[PDB]
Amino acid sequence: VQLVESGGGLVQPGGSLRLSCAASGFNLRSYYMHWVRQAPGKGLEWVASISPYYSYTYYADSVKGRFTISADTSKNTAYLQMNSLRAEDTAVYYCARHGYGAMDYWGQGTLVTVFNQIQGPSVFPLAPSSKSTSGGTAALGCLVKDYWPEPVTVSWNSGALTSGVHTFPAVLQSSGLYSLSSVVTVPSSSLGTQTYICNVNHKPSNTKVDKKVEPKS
């Protein structure tokens, strides 16, 4: 028994790619077949399964509606058609056979790499607690996540707020996208009366984001 995956490689976000799983020494229509992926340096994640002869399909929540597992018995081959590819789909994709107790035979895996495209950031609040747990000084900020390429710039209150601001250098995440945070310290007594808005400009994607940062209950 041998399982051999092909078709992995470079792919554009939003693009499509189809993997094949070539089986030998057994007819795969008589077995549940699975796709399991492994992001670089991370753990195993089950992706999809196909049932024997009934061809019933099951999908993990992260890929359903984008991925489709199928099989062609005449070629003794299993397929994973992946469609709305995104940064989180970079992984080694294994097909494996379910026999008796669990997944007993595995292929060697096929690597899929989703490369980067121009993309404006998502900007989430770093919200101050209405209750100061730091003796009267509150920390707030904006988390600027998943943009490409550099750079972004951040201002607070359209330039009105400069004292106590720290906009960090961006970090390169594993997915190839950048992320940074910008923070400011203010008096807690100001949380009820002063509006704090971060303005993020990302010229490569022609995007600007304004985020009002409000205290959490």
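For every residue, the number given is its place in the sequence shown, counted from 1.
- Higher mean CA B-factor, judged across 4-12 and 206-214 from the recorded values: 4-12.
- Between 44-52 and 173-181, the higher mean Cα B-factor belongs to 44-52.
- Of the candidates 90, 122, 119, 76, the PDB record gives 76 the highest C-alpha temperature factor.
- Set against one another, the Cα B-factors of 102, 112, 139, 144 in the record reach their highest point at 102.
- Among all modelled residues in this chain, the alpha-carbon of residue 151 has a temperature factor (C-alpha) in the lowest third.
- The deposited CA B-factor of residue 126 belongs to the lowest third of values across its chain.
- For residue 199, the recorded CA B-factor ranks within the lowest third of the chain. Only modelled residues enter the ranking.
- Among all modelled residues in this chain, the alpha-carbon of residue 27 has a temperature factor (C-alpha) in the highest third.
- Among all modelled residues in its chain, residue 35 ranks in the middle third by Cα B-factor.
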